[PDB]
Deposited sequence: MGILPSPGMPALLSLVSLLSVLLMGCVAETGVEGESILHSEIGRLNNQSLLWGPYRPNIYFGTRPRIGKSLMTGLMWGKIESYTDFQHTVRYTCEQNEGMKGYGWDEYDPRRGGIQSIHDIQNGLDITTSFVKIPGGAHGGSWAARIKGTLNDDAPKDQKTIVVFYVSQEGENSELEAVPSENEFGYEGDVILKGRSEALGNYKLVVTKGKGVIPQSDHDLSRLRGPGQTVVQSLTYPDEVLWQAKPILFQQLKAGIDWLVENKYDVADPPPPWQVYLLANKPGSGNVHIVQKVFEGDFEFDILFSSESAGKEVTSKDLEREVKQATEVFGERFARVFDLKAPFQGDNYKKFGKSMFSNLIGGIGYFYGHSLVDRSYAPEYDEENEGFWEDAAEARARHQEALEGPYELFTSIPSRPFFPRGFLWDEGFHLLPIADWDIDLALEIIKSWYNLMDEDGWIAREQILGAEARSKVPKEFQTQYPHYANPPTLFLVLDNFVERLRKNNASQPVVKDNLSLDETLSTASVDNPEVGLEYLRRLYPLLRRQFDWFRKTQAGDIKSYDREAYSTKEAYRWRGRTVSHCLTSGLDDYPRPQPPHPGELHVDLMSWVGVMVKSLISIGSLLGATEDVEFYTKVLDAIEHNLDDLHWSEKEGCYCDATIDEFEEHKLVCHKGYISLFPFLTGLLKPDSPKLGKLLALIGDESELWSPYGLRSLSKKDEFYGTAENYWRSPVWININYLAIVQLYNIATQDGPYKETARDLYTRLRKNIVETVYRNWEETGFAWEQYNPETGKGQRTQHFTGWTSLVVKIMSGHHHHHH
């Protein structure tokens, strides 16, 4: 039955608009298969379309905003795009229609409405680009009846092992098609839908813009060659209209030009499903998906006071849909340094110089291929999987559809190598790599990232203890299914645990260090003079200079998180010998958190280093790091330490701004210095952890119950309002928020752990 649920999940999730790196496109969760993508741009001159055309996601002054209004990967959704440069408000509706044996069918409607500023007679070029990778597969454009192009629908017939037989239709659509009275219309037609069918080597099919432009350029060359010149030039839009040439290939370009408003449909009909998909099907299925999305939201994300109003609901829906709508499927080789150079052990003083030297050997090479199914932080700026981000992303997604989240956790864990390492940044394939400077592609097997994915697992466990609707919760509703999932995952979790203790070990024994345990001590590998990228808190201030004697209280706390998870999951699978070992590790981290990391002088936790004189020194920088044992759920609800931490959190002159907790204290010498990434701004992921822990203490008997209740109430309020206020005014979720002004800053489209705000509003943790 676990095998059955798994198959039903596969079939359910196979198709989607799983190319979040582009405004709109589809691919199934198959490495080498059928992909589609949308392009559009106004054309006003002979040279503008190359600058106006849209394809891959960006965010500049020419784009007001875009995002998903509603989305569920099992059903589909609606995206809206507000494009200033091209004077166009666009809607892309996508819907899935289950059936057959090949992952069902799907349809999309592309609707373009000129805005009030646009010339009413704008010419807009629209392209539907279709590619198919694979050795023994075929795809053919059924030729036109008419001679220069299509009056009606374009039908592509294709086949592959993965998808069986299928047909993909691009409908005639609605709107004015401009007509040219030029001489050229005798050879090229007055103006009509055209198709070019081409073949390129499989590995470059992803390069849709260059492929299209190469065709446009050959068209213009043909004009030049055939005496079409500036004495008497055809209109721009006709100059940029491809000569119709449908046939067989692994690339099909479908081009339309519209004057004024337009819309057209794309109908993917899986043959094995029987009756083929129509436009009326699309419409009906689109209305149904919305109704269902509506009913689930109200149930899963029931916003508590004072956020019950419709404005906050709209806000919630937008933050949630953008997060779950970012889900992508990624496939290909990634770039890894597999030298295990001994400089990466970072055992000496000045280790960062040695590690640089090793990197300068450039032993990195492509390996794989790998696949990942994941949500992402940022469509426009970094549309790819990040390990500790995904932990936060799945908290709201798990609420919505636990089986989806588990599917994604599983996807992540299938990347883990024999040592127990998952690269913290997954850049899979040439497409993914295109967005990333080569200097920043290489992953390093000694680089950790927080194991926040355990938090999702913890939530699943608590849920497990206590048609698409069914599937979304099959792994909790059938405890048999759930347990088997943990059984299969469990060894990899343990593997990762061991990998942390092996590769991210700190040094107790070589120094004058006294502590309850000789074992428990941790130091993030990969730190440079100004940075510790692997911790997630890029430029939060750390001991200077970096030093092999360093210990990092955030890292120990994460190890505490994992061991507590391993206890619960172990105990579920009766891995007694394991649960006893974990118990002793937990006990030891608890003592060593205090022995090595507590500052009585300062009233908080600190990282530690080794003196100019070989002694253990604490290095306190009051901020997120200082709160870690609290954030990670490690302290007892009556700890006097916790109570001091509550004072630090609530203290306006340190951490507490009107807009949320500051990453660093205003008192800290490093406040608002350098790039000021994690040195003051308010970050929603850490604030979310604070909010959850405050609420925990608030709903339990103890000395801080009421203190927590006040802080919880205010912090929830402050964080939600800041993110709402910015969304209201800018249309965007931001990466981080300014504690002085409350303004969103750094990158937009950060959905992204900023979307945790839906869960904060939802409450009842």
Original post:
Where are the gaps relative to the deposited sequence?
Top reply: 1 to 37, 504 to 516, 816 to 819
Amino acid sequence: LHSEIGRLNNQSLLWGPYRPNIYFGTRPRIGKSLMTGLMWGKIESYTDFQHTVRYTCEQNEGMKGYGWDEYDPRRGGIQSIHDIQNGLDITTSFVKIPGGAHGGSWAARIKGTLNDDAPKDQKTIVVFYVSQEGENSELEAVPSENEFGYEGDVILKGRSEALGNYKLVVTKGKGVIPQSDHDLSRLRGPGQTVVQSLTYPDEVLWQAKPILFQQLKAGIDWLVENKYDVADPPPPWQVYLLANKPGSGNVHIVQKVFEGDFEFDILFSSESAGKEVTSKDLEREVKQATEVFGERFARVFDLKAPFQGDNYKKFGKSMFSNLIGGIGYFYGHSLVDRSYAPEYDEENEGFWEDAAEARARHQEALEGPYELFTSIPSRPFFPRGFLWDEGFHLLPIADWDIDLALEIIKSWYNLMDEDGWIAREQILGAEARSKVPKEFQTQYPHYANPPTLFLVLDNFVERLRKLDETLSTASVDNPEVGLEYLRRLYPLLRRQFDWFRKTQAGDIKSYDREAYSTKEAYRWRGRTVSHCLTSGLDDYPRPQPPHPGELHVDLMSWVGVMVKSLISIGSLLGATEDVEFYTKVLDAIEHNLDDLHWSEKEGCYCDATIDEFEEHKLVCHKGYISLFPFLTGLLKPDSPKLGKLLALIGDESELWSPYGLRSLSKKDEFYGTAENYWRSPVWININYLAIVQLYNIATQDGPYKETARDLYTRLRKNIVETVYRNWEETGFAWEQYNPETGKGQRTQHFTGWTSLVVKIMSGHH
From here on, numbers count along this sequence of modelled residues.
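Just so we're on the same page, rigid core means the largest C-alpha set that superposes within 1.5 Å between forms.
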Subject >> Which of 443 to 451 and 271 to 279 strays further in 9 other deposited structures of this protein - Cα RMS after rigid core alignment >> reply: 271 to 279
Original post:
Of the two stretches 349 to 357 and 568 to 576, which shows the higher Cα B-factor on average in the entry?
Top reply: 568 to 576
**OP:** Between 580 to 588 and 523 to 531, name whichever shows the higher mean Cα B factor according to the PDB entry.
**Re:** 580 to 588
Original post:
Quick one: which of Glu484, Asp554, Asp261, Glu431 has the biggest Cα B-factor according to the entry?
Top reply: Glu484
Original post:
What's the residue among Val126, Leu635, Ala448, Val239 with the greatest CA temperature factor in the PDB record?
Top reply: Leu635
Original post:
Is the Cα B-factor recorded for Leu711 in the lowest, middle or highest third of its chain?
Top reply: middle
Subject >> Third of the chain's Cα B-factor distribution that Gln700 belongs to, per the entry >> reply: highest
Subject >> Lowest, middle or highest third - CA B-factor, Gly623 >> reply: lowest
**OP:** Can you work out whether the C-alpha temperature factor of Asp389 puts it in the lowest, middle or highest third of the chain?
**Re:** lowest
Subject >> Ranked against its chain, the third holding the CA B-factor of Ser185 >> reply: middle
